[PDB]
């Protein structure tokens, strides 16, 4: 574990992010910005499902079959060095108290025993959410945690905002 919370950033395709995490963390959890049926049909979820492959997709599929929709689901990754995938569902369309719900979503990123995380900016498609709200909520959620977090995005704007709020 690190002595204090440590952040890294990466602006790039998931392949770049994962190469960086493999090199710099060695082992880590990847966070997926999931939906409650864990179907991975667009956005970063599609990228993660593409990267991790059919055993990952089928694990998610089978779990939701047995247990119904989920708001958080930690699965095998089927990729060397990726300790697990933590599939986190943020707030819903029409939800109130978005900052609160975003904070909860980022707190749901933590996985027992895991120290290193690769984390996307959650919930940008949700009515009422913007990346500044989301990154602020992330910082609130992780404050005091002795973990390493690689924040990633395709958008430099996002990481710039992270950088200025350090």
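Positions refer to the first chain, counted from 1.
Taking the mean C-alpha B-factor of each stretch as recorded, 104 to 112 and 37 to 45 are not equal, and the higher mean is that of 37 to 45.
For the pair 153 to 161 and 11 to 19, the mean Cα B-factor is higher in 153 to 161. Sorting the modelled residues of the chain by their CA temperature factor places residue 79 in the highest third. Sorting the modelled residues of the chain by their CA temperature factor places residue 99 in the lowest third. Residue-level temperature factors show residue 128 in the lowest third of its chain, judged at the C-alpha atom.
Placement of the Cα temperature factor of residue 117 within the chain: lowest third of the modelled residues, per the deposited record. Per-chain ranking of the deposited C-alpha B factor places residue 141 in the middle third.
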